Every structure is written in C-alpha cells, then in structure tokens.
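Participant: Structure for this input, please:
(2 chains)
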There are 2 protein chains.
Amino acid sequence: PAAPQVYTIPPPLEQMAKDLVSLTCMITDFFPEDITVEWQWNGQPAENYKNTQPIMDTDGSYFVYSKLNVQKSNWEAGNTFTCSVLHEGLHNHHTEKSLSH
Amino acid sequence: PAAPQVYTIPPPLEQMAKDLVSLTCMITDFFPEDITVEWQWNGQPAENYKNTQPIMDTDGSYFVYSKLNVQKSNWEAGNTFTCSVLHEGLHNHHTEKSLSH
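Facilitator: Residues are numbered from 1 along each chain as shown, chains lettered A, B, ... in the order given. Let me share the structure:
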C-alpha cells in the first residue's frame, strides 16, 4: 500500500474578510481507496466538516479533500485544529497534522 | 443562485521537496450544483487535473476542489496557471483566477 501524504492548509487571504473561514486538509498519493478522515478542535471532536469521496489520480493513486468551517474569531483566537487520518499504509494506521493561527 | 467563491492555492511548502507538485483550486459557497471547472497552462488547455464531485455543505450550498499536478520545474520556471469556472451565478456565467511562482 502507499501511505497518504497529509498537508494542512490555512484560509485563503481573500477569505479573511468573511465571518466564517475554511481550513483544508489535502490528502494525496495513497492506495487503496479505503480511508477515514476526521477533524479535532483543541483535542476534542469537531463536527462542521465534510470529506469528498476518494478520486483516482492520473497515476492510479487516490486523493481526498476535507474542509472544516470555523468562525473567523475562533481561528484568530489561536485555537488548535487537527486533521486525523486512518489508512492501512501508515505507521500503525494513523497520523495527525495540526494547524494554528 | 449563489455565485461561487474561487480561491487559488499554491503547493504546500513540504511538497516543494518532491519533483511533482500540486496546485489547488478551491471553489465554495455555490448553488445549484451544476458547475464546470477547467485548468489552463499559459492560456492553453491543460489535461492532468481531477475535480471532486460537488458536496453539499452545512448551509445547503456546494463546494468543489480541483487538483492540477505539474513538474516542480514547470512551476518554478514561472509559467502561468489558470483555473476557469462556469456557473450560472457568475457575471456572464464565467470567471478566472491565475497563479504564478
């Protein structure tokens, strides 16, 4: 199996004028398609996120995007957001990547 | 209708060590779901990109991600990449956002 590459992306600059911002977790280059993605807020389970369905890339691998919505004040307040991933190609089948303002 | 918000995202810093990088086009907050997304390279049609299927967000709107893979030398060489979007909520149903190293 090919372990996924996990990248965390902050809100686009042009989105900083809105009251609600979006955090992105970009997961690429994995195989097989079976995977689980979840978000956490300061260690606690978050709920306002949506994951896309796995798409096969040009090279036969898969990729998925997960978008979490949060109040702009929550982001600039400096809270910590974590993207949690479950996949059989990872060391012990799990990994995490955190984001902070 | 609700016109989509189009955001262009460069490759994550940790991905700059690989030979292949990814450019992301983040399209959010639109309605209805019908939408067309395409990528261009210096004004010409590109081919190595994949779009996710529209996902209904918490507020009833939709969002889509489009990922274009390019050689790291192509990016650092300074070529121009453009993300084109067709949606009935936009002025004349079309808009563009460009990216450059």
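
Participant: which stretches of chain A form strands?
Facilitator: A:5-9, A:20-30, A:36-41, A:44-45, A:49-51, A:55-56, A:62-71, A:80-86, A:94-100 (DSSP state E).

Participant: now the ones you listed in JSON lines, with distance to chain B and mean neighbour count?
Facilitator: In short, each C-beta sits where N, CA and C put it, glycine included. Shown next, in JSON lines, are these (distance: least, CB to the nearest CB, whole Å; neighbours: other CB atoms under 10 Å in any protein chain shown):
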{"stretch": "strand A:5-9", "distance to chain B": "4", "mean neighbour count": "19"}
{"stretch": "strand A:20-30", "distance to chain B": "7", "mean neighbour count": "21"}
{"stretch": "strand A:36-41", "distance to chain B": "13", "mean neighbour count": "17"}
{"stretch": "strand A:44-45", "distance to chain B": "16", "mean neighbour count": "8"}
{"stretch": "strand A:49-51", "distance to chain B": "5", "mean neighbour count": "17"}
{"stretch": "strand A:55-56", "distance to chain B": "5", "mean neighbour count": "14"}
{"stretch": "strand A:62-71", "distance to chain B": "4", "mean neighbour count": "20"}
{"stretch": "strand A:80-86", "distance to chain B": "13", "mean neighbour count": "19"}
{"stretch": "strand A:94-100", "distance to chain B": "10", "mean neighbour count": "14"}
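
Participant: just so I know, which of those strands lies nearest residue B:20?
Facilitator: Of all the strands of chain A, strand A:20-30 sits nearest to residue B:20, with 9.5 Å by CB to CB.

Participant: Quick one: closest of the strands of chain A to residue B:33.
Facilitator: Using CB to CB, the nearest of those to residue B:33 is strand A:49-51, at 13.7 Å.

Participant: For that closest one, which strands pair with it and how are they oriented?
Facilitator: strand A:62-71 (antiparallel) (DSSP bridges).

Participant: residues in contact with residue A:16?
Facilitator: By CB atoms under 8 Å, 6 or more residues apart in numbering or on different chains, residue A:16 lies in contact with residue A:72.

Participant: Correction: the previous question concerned residue A:9.
Facilitator: Contacts of residue A:9 (CB under 8 Å, 6+ apart): A:23-26, B:9, B:12, B:24.

Participant: Could you find the closest non-adjacent residue to residue A:87?
Facilitator: residue A:35 (4.8 Å; CB to CB, 6 or more residues apart in numbering or on different chains).

Participant: pretty sure the one you found contacts residue A:27?
Facilitator: Yes. With contact defined as CB atoms under 8 Å, residue A:35 reaches residue A:27; the gap is 7.2 Å.
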